[PDB]
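Raw coords28.pdb, PDB, C-alpha atoms (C1' of nucleotides):
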ATOM      1  CA  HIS S   1       0.000   0.000   0.000
ATOM      2  CA  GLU S   2       2.785   2.472   0.887
ATOM      3  CA  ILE S   3       4.510   1.767  -2.450
ATOM      4  CA  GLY S   4       1.284   2.643  -4.262
ATOM      5  CA  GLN S   5       1.285   6.113  -2.713
ATOM      6  CA  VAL S   6       4.203   7.248  -4.898
ATOM      7  CA  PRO S   7       3.044   7.671  -8.530
ATOM      8  CA  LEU S   8       5.018   6.112 -11.365
ATOM      9  CA  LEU S   9       7.345   8.448 -13.282
ATOM     10  CA  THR S  10       6.631   9.759 -16.804
ATOM     11  CA  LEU S  11       9.452   9.405 -19.357
ATOM     12  CA  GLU S  12      10.091  13.087 -18.810
ATOM     13  CA  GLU S  13      10.245  13.199 -15.021
ATOM     14  CA  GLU S  14      12.221   9.922 -15.287
ATOM     15  CA  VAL S  15      14.876  11.710 -17.387
ATOM     16  CA  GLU S  16      14.606  14.920 -15.318
ATOM     17  CA  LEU S  17      15.316  13.155 -11.988
ATOM     18  CA  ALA S  18      18.018  10.974 -13.488
ATOM     19  CA  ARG S  19      19.503  14.176 -14.939
ATOM     20  CA  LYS S  20      19.382  16.238 -11.719
ATOM     21  CA  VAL S  21      21.017  13.282  -9.919
ATOM     22  CA  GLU S  22      23.944  13.081 -12.344
ATOM     23  CA  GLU S  23      24.427  16.868 -12.225
ATOM     24  CA  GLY S  24      24.397  16.779  -8.403
ATOM     25  CA  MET S  25      27.025  14.056  -8.570
ATOM     26  CA  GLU S  26      29.289  16.314 -10.649
ATOM     27  CA  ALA S  27      28.457  19.299  -8.459
ATOM     28  CA  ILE S  28      30.064  17.478  -5.521
ATOM     29  CA  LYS S  29      33.184  16.647  -7.510
ATOM     30  CA  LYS S  30      33.575  20.279  -8.566
ATOM     31  CA  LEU S  31      32.666  21.215  -4.975
ATOM     32  CA  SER S  32      35.453  19.209  -3.384
ATOM     33  CA  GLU S  33      37.983  20.862  -5.745
ATOM     34  CA  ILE S  34      36.906  24.371  -4.682
ATOM     35  CA  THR S  35      36.524  23.703  -0.931
ATOM     36  CA  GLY S  36      39.407  21.204  -0.831
ATOM     37  CA  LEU S  37      37.440  18.719   1.266
ATOM     38  CA  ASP S  38      36.600  15.035   0.932
ATOM     39  CA  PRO S  39      33.966  14.321  -1.762
ATOM     40  CA  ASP S  40      32.230  11.622   0.264
ATOM     41  CA  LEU S  41      32.034  13.894   3.337
ATOM     42  CA  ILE S  42      30.501  16.734   1.297
ATOM     43  CA  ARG S  43      27.884  14.439  -0.279
ATOM     44  CA  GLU S  44      26.950  13.119   3.155
ATOM     45  CA  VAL S  45      26.419  16.641   4.572
ATOM     46  CA  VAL S  46      24.299  17.432   1.522
ATOM     47  CA  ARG S  47      22.251  14.336   2.475
ATOM     48  CA  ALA S  48      21.997  15.340   6.133
ATOM     49  CA  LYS S  49      20.207  18.542   5.202
ATOM     50  CA  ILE S  50      17.892  17.083   2.533
ATOM     51  CA  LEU S  51      16.758  14.099   4.623
ATOM     52  CA  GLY S  52      16.314  16.107   7.801
ATOM     53  CA  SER S  53      17.558  16.079  11.308
ATOM     54  CA  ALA S  54      15.963  12.624  11.826
ATOM     55  CA  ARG S  55      19.060  10.920  10.394
ATOM     56  CA  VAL S  56      22.577  11.904  11.565
ATOM     57  CA  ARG S  57      25.261   9.271  12.094
ATOM     58  CA  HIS S  58      28.918   8.393  11.667
ATOM     59  CA  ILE S  59      29.222   7.010   8.134
ATOM     60  CA  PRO S  60      32.064   4.429   8.258
ATOM     61  CA  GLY S  61      34.262   5.368   5.290
ATOM     62  CA  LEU S  62      34.188   9.042   6.285
ATOM     63  CA  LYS S  63      36.805  10.409   8.697
ATOM     64  CA  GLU S  64      34.882  13.003  10.793
ATOM     65  CA  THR S  65      31.917  11.933  12.915
ATOM     66  CA  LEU S  66      28.602  13.376  11.653
ATOM     67  CA  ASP S  67      27.169  15.115  14.683
ATOM     68  CA  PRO S  68      24.881  18.183  14.186
ATOM     69  CA  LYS S  69      27.919  20.262  15.226
ATOM     70  CA  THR S  70      30.248  19.308  12.359
ATOM     71  CA  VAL S  71      27.506  19.371   9.711
ATOM     72  CA  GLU S  72      26.627  22.943  10.715
ATOM     73  CA  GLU S  73      30.291  23.847  10.387
ATOM     74  CA  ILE S  74      30.445  22.334   6.916
ATOM     75  CA  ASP S  75      27.048  23.796   6.000
ATOM     76  CA  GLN S  76      28.523  27.242   6.800
ATOM     77  CA  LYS S  77      31.831  26.628   5.020
ATOM     78  CA  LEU S  78      29.540  25.898   2.053
ATOM     79  CA  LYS S  79      27.311  28.961   2.482
ATOM     80  CA  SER S  80      30.616  30.924   2.710
ATOM     81  CA  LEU S  81      31.120  30.846  -1.050
ATOM     82  CA  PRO S  82      30.702  33.348  -3.896
ATOM     83  CA  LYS S  83      27.524  33.253  -5.923
ATOM     84  CA  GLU S  84      29.352  31.474  -8.789
ATOM     85  CA  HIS S  85      30.651  28.660  -6.457
TER
ATOM     86  CA  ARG T   1       7.623  30.398 -28.512
ATOM     87  CA  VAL T   2      10.393  33.037 -28.721
ATOM     88  CA  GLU T   3       8.985  36.503 -29.559
ATOM     89  CA  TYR T   4      12.074  37.839 -31.390
ATOM     90  CA  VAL T   5      12.531  41.646 -31.113
ATOM     91  CA  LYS T   6      13.274  43.335 -34.481
ATOM     92  CA  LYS T   7      13.780  47.125 -34.766
ATOM     93  CA  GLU T   8      14.154  48.513 -38.280
ATOM     94  CA  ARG T   9      13.219  51.597 -40.351
ATOM     95  CA  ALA T  10      10.556  51.617 -43.103
ATOM     96  CA  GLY T  11       8.589  54.029 -45.292
ATOM     97  CA  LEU T  12       5.088  54.650 -46.653
ATOM     98  CA  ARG T  13       3.472  57.274 -48.962
ATOM     99  CA  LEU T  14      -0.049  58.665 -48.240
ATOM    100  CA  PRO T  15      -2.283  61.494 -49.486
ATOM    101  CA  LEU T  16      -1.422  64.459 -47.263
ATOM    102  CA  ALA T  17      -5.116  65.127 -46.621
ATOM    103  CA  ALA T  18      -5.839  61.497 -45.503
ATOM    104  CA  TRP T  19      -2.845  61.411 -43.043
ATOM    105  CA  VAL T  20      -3.289  62.326 -39.359
ATOM    106  CA  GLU T  21      -0.087  63.926 -37.991
ATOM    107  CA  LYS T  22       1.555  62.355 -34.887
ATOM    108  CA  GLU T  23       5.202  62.117 -33.781
ATOM    109  CA  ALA T  24       4.635  58.376 -33.046
ATOM    110  CA  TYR T  25       1.974  55.673 -33.384
ATOM    111  CA  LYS T  26       1.085  53.117 -30.729
ATOM    112  CA  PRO T  27      -0.330  49.727 -31.807
ATOM    113  CA  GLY T  28      -3.838  49.731 -33.250
ATOM    114  CA  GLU T  29      -3.771  53.536 -33.534
ATOM    115  CA  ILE T  30      -5.143  55.056 -36.729
ATOM    116  CA  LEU T  31      -2.382  56.226 -39.066
ATOM    117  CA  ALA T  32      -4.441  57.701 -41.901
ATOM    118  CA  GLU T  33      -7.943  57.631 -43.322
ATOM    119  CA  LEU T  34      -8.486  57.702 -47.058
ATOM    120  CA  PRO T  35     -11.630  59.115 -48.685
ATOM    121  CA  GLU T  36     -11.086  56.774 -51.660
ATOM    122  CA  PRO T  37      -8.834  53.879 -52.716
ATOM    123  CA  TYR T  38      -5.223  55.040 -53.131
ATOM    124  CA  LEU T  39      -2.609  52.787 -54.774
ATOM    125  CA  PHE T  40       0.639  52.833 -52.770
ATOM    126  CA  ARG T  41       3.102  52.859 -55.704
ATOM    127  CA  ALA T  42       6.729  51.702 -55.810
ATOM    128  CA  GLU T  43       9.596  54.230 -55.769
ATOM    129  CA  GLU T  44      12.534  51.952 -56.575
ATOM    130  CA  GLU T  45      13.361  49.082 -58.932
ATOM    131  CA  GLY T  46      13.912  45.513 -57.840
ATOM    132  CA  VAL T  47      12.721  42.085 -56.782
ATOM    133  CA  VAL T  48      10.108  41.995 -54.003
ATOM    134  CA  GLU T  49      10.663  40.516 -50.529
ATOM    135  CA  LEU T  50       7.208  40.181 -48.965
ATOM    136  CA  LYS T  51       7.149  39.486 -45.197
ATOM    137  CA  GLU T  52       3.604  39.165 -43.799
ATOM    138  CA  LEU T  53       3.123  39.509 -40.052
ATOM    139  CA  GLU T  54      -0.032  38.598 -38.097
ATOM    140  CA  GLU T  55      -1.839  41.614 -39.537
ATOM    141  CA  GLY T  56      -0.045  44.059 -41.775
ATOM    142  CA  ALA T  57       3.032  43.311 -43.873
ATOM    143  CA  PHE T  58       6.539  44.368 -44.920
ATOM    144  CA  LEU T  59       7.842  44.691 -48.464
ATOM    145  CA  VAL T  60      11.613  44.927 -49.254
ATOM    146  CA  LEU T  61      12.735  45.561 -52.871
ATOM    147  CA  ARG T  62      16.314  44.513 -53.696
ATOM    148  CA  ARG T  63      18.775  44.876 -56.596
ATOM    149  CA  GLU T  64      21.129  41.878 -56.803
ATOM    150  CA  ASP T  65      20.551  41.137 -53.124
ATOM    151  CA  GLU T  66      21.154  44.571 -51.660
ATOM    152  CA  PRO T  67      18.069  46.254 -50.184
ATOM    153  CA  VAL T  68      17.097  49.484 -51.914
ATOM    154  CA  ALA T  69      13.699  50.318 -50.327
ATOM    155  CA  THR T  70      11.766  49.016 -47.289
ATOM    156  CA  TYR T  71       8.016  49.691 -47.387
ATOM    157  CA  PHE T  72       5.485  49.187 -44.584
ATOM    158  CA  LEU T  73       1.902  48.126 -45.326
ATOM    159  CA  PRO T  74      -0.375  48.701 -42.286
ATOM    160  CA  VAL T  75      -3.799  47.152 -41.830
ATOM    161  CA  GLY T  76      -6.191  48.286 -44.532
ATOM    162  CA  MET T  77      -3.452  47.718 -47.159
ATOM    163  CA  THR T  78      -3.987  44.668 -49.374
ATOM    164  CA  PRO T  79      -0.690  43.776 -51.110
ATOM    165  CA  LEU T  80      -1.030  43.516 -54.897
ATOM    166  CA  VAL T  81       2.362  41.738 -55.282
ATOM    167  CA  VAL T  82       3.829  38.323 -54.388
ATOM    168  CA  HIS T  83       7.196  37.226 -53.029
ATOM    169  CA  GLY T  84      10.087  37.423 -55.504
ATOM    170  CA  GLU T  85       8.197  39.586 -58.027
ATOM    171  CA  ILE T  86       9.939  42.166 -60.246
ATOM    172  CA  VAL T  87       8.530  45.720 -59.834
ATOM    173  CA  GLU T  88       9.355  48.734 -62.032
ATOM    174  CA  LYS T  89       9.338  52.242 -60.482
ATOM    175  CA  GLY T  90       5.797  53.580 -60.127
ATOM    176  CA  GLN T  91       3.959  50.240 -60.291
ATOM    177  CA  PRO T  92       1.255  49.851 -57.593
ATOM    178  CA  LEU T  93       2.314  47.514 -54.748
ATOM    179  CA  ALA T  94      -0.694  47.622 -52.410
ATOM    180  CA  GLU T  95      -4.108  49.209 -52.044
ATOM    181  CA  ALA T  96      -5.410  51.245 -49.117
ATOM    182  CA  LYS T  97      -9.176  51.313 -48.622
ATOM    183  CA  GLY T  98     -10.498  53.871 -46.089
ATOM    184  CA  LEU T  99      -9.119  53.564 -42.542
ATOM    185  CA  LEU T 100      -5.680  52.089 -42.098
ATOM    186  CA  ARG T 101      -3.949  51.690 -38.768
ATOM    187  CA  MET T 102      -0.924  50.142 -37.121
ATOM    188  CA  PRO T 103      -1.048  46.375 -36.469
ATOM    189  CA  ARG T 104      -1.449  45.216 -32.883
ATOM    190  CA  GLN T 105       1.984  43.577 -32.456
ATOM    191  CA  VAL T 106       4.066  46.562 -33.717
ATOM    192  CA  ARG T 107       4.688  50.210 -32.793
ATOM    193  CA  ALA T 108       6.247  53.359 -34.277
ATOM    194  CA  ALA T 109       9.093  54.906 -32.233
ATOM    195  CA  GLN T 110      10.094  58.069 -34.088
ATOM    196  CA  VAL T 111       8.186  59.402 -37.142
ATOM    197  CA  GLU T 112       9.692  61.576 -39.925
ATOM    198  CA  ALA T 113       7.443  63.235 -42.547
ATOM    199  CA  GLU T 114       8.626  64.747 -45.882
ATOM    200  CA  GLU T 115       5.993  66.516 -47.924
ATOM    201  CA  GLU T 116       5.872  66.393 -51.749
ATOM    202  CA  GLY T 117       2.961  67.946 -53.594
ATOM    203  CA  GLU T 118      -0.259  66.291 -52.475
ATOM    204  CA  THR T 119       1.409  63.478 -50.495
ATOM    205  CA  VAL T 120       3.584  62.567 -47.476
ATOM    206  CA  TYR T 121       6.370  59.954 -47.251
ATOM    207  CA  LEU T 122       6.682  58.703 -43.663
ATOM    208  CA  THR T 123      10.005  57.329 -42.372
ATOM    209  CA  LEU T 124       8.755  55.131 -39.499
ATOM    210  CA  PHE T 125      11.181  53.749 -36.888
ATOM    211  CA  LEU T 126       9.238  50.519 -36.352
ATOM    212  CA  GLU T 127       9.858  47.903 -33.660
ATOM    213  CA  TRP T 128       7.894  44.692 -33.358
ATOM    214  CA  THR T 129       8.139  40.993 -32.422
ATOM    215  CA  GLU T 130       8.287  37.959 -34.729
ATOM    216  CA  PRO T 131       7.480  34.699 -32.937
ATOM    217  CA  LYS T 132       9.171  31.401 -33.804
ATOM    218  CA  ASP T 133       7.943  28.082 -32.332
ATOM    219  CA  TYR T 134      10.260  25.272 -31.175
ATOM    220  CA  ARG T 135       9.205  21.677 -30.429
ATOM    221  CA  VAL T 136      10.650  20.243 -27.180
ATOM    222  CA  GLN T 137      11.222  16.520 -26.691
ATOM    223  CA  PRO T 138      11.319  14.238 -23.600
ATOM    224  CA  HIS T 139      15.122  13.844 -23.637
ATOM    225  CA  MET T 140      15.512  17.641 -23.553
ATOM    226  CA  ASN T 141      15.029  20.262 -20.856
ATOM    227  CA  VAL T 142      14.070  23.951 -20.969
ATOM    228  CA  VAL T 143      16.739  26.007 -19.197
ATOM    229  CA  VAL T 144      14.923  29.382 -19.523
ATOM    230  CA  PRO T 145      12.043  30.940 -17.514
ATOM    231  CA  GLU T 146       8.898  32.556 -18.872
ATOM    232  CA  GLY T 147       9.513  36.228 -19.720
ATOM    233  CA  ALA T 148      13.330  35.812 -19.836
ATOM    234  CA  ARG T 149      14.900  38.280 -22.263
ATOM    235  CA  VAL T 150      17.528  36.351 -24.265
ATOM    236  CA  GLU T 151      20.278  37.799 -26.459
ATOM    237  CA  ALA T 152      21.570  36.077 -29.596
ATOM    238  CA  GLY T 153      23.459  32.790 -29.108
ATOM    239  CA  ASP T 154      21.863  32.110 -25.687
ATOM    240  CA  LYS T 155      20.660  28.616 -24.764
ATOM    241  CA  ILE T 156      16.945  28.016 -24.362
ATOM    242  CA  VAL T 157      16.764  24.196 -24.441
TER
ATOM    243  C1'   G I   1       0.387 -45.713  16.954
ATOM    244  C1'   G I   2       0.668 -49.864  21.465
ATOM    245  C1'   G I   3       1.133 -50.703  27.316
ATOM    246  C1'   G I   4      -0.525 -49.709  32.487
TER
ATOM    247  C1'  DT Q   1      26.829  -3.207 -15.476
ATOM    248  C1'  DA Q   2      22.066  -0.557 -20.436
ATOM    249  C1'  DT Q   3      15.587  -3.528 -25.414
ATOM    250  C1'  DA Q   4      11.730  -3.061 -21.654
ATOM    251  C1'  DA Q   5      10.259  -4.700 -17.636
ATOM    252  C1'  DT Q   6       6.835  -0.789 -11.820
ATOM    253  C1'  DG Q   7       1.141  -3.529  -5.800
ATOM    254  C1'  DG Q   8       1.610 -11.152  -3.223
ATOM    255  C1'  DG Q   9      -0.262 -16.040  -2.918
ATOM    256  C1'  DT Q  10     -13.252 -27.976  20.182
ATOM    257  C1'  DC Q  11     -14.269 -25.862  24.785
ATOM    258  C1'  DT Q  12     -14.496 -23.505  28.602
ATOM    259  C1'  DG Q  13     -13.283 -19.576  31.550
ATOM    260  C1'  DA Q  14     -11.162 -15.086  32.617
ATOM    261  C1'  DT Q  15     -10.490 -10.229  31.352
ATOM    262  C1'  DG Q  16     -10.753  -5.044  28.167
TER
ATOM    263  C1'  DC K   1     -18.495  -9.211  22.844
ATOM    264  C1'  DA K   2     -13.120 -10.333  21.246
ATOM    265  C1'  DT K   3      -8.437 -12.536  22.554
ATOM    266  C1'  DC K   4      -5.681 -15.445  25.050
ATOM    267  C1'  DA K   5      -4.432 -19.558  27.849
ATOM    268  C1'  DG K   6      -5.503 -23.669  29.744
ATOM    269  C1'  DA K   7      -6.905 -28.638  28.683
ATOM    270  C1'  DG K   8      -3.514 -36.421  33.563
ATOM    271  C1'  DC K   9       0.942 -39.569  34.401
ATOM    272  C1'  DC K  10       4.762 -42.878  33.204
ATOM    273  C1'  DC K  11       6.616 -46.356  29.454
ATOM    274  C1'  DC K  12       7.717 -48.631  24.429
ATOM    275  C1'  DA K  13       9.251 -48.776  19.040
ATOM    276  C1'  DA K  14       9.580 -45.608  15.352
ATOM    277  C1'  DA K  15      12.465 -41.790  13.290
TER
END
Would you mind giving the structure from this file in structure tokens?
Amino acid sequence: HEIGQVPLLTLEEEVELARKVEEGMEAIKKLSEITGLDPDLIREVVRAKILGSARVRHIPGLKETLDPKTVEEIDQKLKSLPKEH
Amino acid sequence: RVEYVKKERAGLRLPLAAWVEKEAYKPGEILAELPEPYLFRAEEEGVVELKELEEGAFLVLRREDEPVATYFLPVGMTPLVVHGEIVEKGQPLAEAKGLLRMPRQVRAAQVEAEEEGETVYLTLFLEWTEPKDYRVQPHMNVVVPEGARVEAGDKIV
RNA sequence: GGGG
DNA sequence: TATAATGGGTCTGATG
DNA sequence: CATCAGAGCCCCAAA
């Protein structure tokens, strides 16, 4: 029943979502170059904020524990950038 | 649909007594009223380049392929020529029949009037929009908002 | 499935 | 690692 | 009026 709540994608929104996902993937590569941080770490912090404060945990593979404190520091180091970055 | 903004200069000859004087003409505004049919005649030699808008048309004579005259036919002007036609000087191009006025999708910036006997030759600084439609497909995405003024070479899709 |  | 594939197979007594 | 927990002992050969 829960699965039937989410409508099936049209060929357009199928390509749109798949497209936005691939662009976001590249936006974290180009974002680790600028910031000079770990790609994986960045992409996790991007997840922390989209999913919500319900999930927050130490992702084994990453080097810095993911407590609300260190995500806020990386969310500010992100917001600290010029409009073009 | 991209409403492309064109801004050129064009002319038109009317009976001086049928022409209402104004330093500009907003869309739909009356430009002249003729008590009888008056044949807007050609004043240059060349091959016609008809360009019909929504209402009202353009008409560009050329020698070789260099433009030599650009005429403007407002509403009320039925063109008596076809595209690519050869016109000798003085041959009637269109016909005005009573009230003629600017089309809705085009306006007159400046207006310059030279008088010559019982007529006026208007040099209208016209600016209008010519829409072109583009079909968009499922593999493609529109990267431009509604009302976004684009310059040449910009990406829309 | 039998015994008591 | 790439056709497309998108919703399963008795029998009684005490307690809320 | 529905849901859950009870409903004898020991022994054998089988599986």
>> Should the cut-off be 12 Å, what would the residue list for chain Q against chain S look like, counting all atoms listed in the file, as a PyMOL selection string?
In response: chain Q and resi 6-8
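Run against this file, the PyMOL selection byres ((chain T) within 8 of (chain S)) gives back residues 138, 139 and 141 of chain T.
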>> Here's the selection I'm unsure about, the PyMOL selection byres ((chain I and resi 3) around 8); applied to the file above, which residues does it give, as a ChimeraX atom specification?
In response: /I:2,4 /K:11-12
>> Assuming the chain letters and numbering stay as they are in my file, what does the PyMOL selection byres ((chain S and resi 39) around 12) actually select? List them as number ranges by chain.
In response: S: 24-38, 40-46, 61-63
Would you put the residues from that selection into a file with C-alpha atoms, as a compact mmCIF listing (two decimals), in the frame of the given file?
# COMPACT_ATOMS: atom_id res chain seq x y z
CA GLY S 24 24.40 16.78 -8.40
CA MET S 25 27.02 14.06 -8.57
CA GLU S 26 29.29 16.31 -10.65
CA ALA S 27 28.46 19.30 -8.46
CA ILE S 28 30.06 17.48 -5.52
CA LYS S 29 33.18 16.65 -7.51
CA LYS S 30 33.58 20.28 -8.57
CA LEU S 31 32.67 21.22 -4.97
CA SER S 32 35.45 19.21 -3.38
CA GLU S 33 37.98 20.86 -5.74
CA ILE S 34 36.91 24.37 -4.68
CA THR S 35 36.52 23.70 -0.93
CA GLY S 36 39.41 21.20 -0.83
CA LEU S 37 37.44 18.72 1.27
CA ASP S 38 36.60 15.04 0.93
CA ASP S 40 32.23 11.62 0.26
CA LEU S 41 32.03 13.89 3.34
CA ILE S 42 30.50 16.73 1.30
CA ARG S 43 27.88 14.44 -0.28
CA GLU S 44 26.95 13.12 3.16
CA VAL S 45 26.42 16.64 4.57
CA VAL S 46 24.30 17.43 1.52
CA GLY S 61 34.26 5.37 5.29
CA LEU S 62 34.19 9.04 6.28
CA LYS S 63 36.80 10.41 8.70
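Take CA of residue 74 in chain T and CA of residue 55 in chain T: the distance between them is 7.7 Å.
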>> Could you list, as number ranges by chain, every residue within 8 Å of range 119-127 of chain T, counting only C-alpha atoms (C1' of nucleotides) and ignoring same-chain residues fewer than 3 positions away?
In response: T: 5-17, 19, 106-116
>> Could you tell me how far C1' of residue 6 in chain K sits from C1' of residue 15 in chain Q, in Å to one decimal place?
In response: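 Interatomic distance, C1' of residue 15 in chain Q to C1' of residue 6 in chain K: 14.4 Å.
Computed from the coordinates, the CA of residue 76 in chain T to CA of residue 42 in chain T distance equals 17.5 Å.
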>> Which residue is closest to residue 67 in chain S? Choose from S:81, S:17, S:54, S:6 and count only C-alpha atoms.
In response: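 Comparing S:81, S:17, S:54, S:6 against residue 67 in chain S, the winner is S:54.
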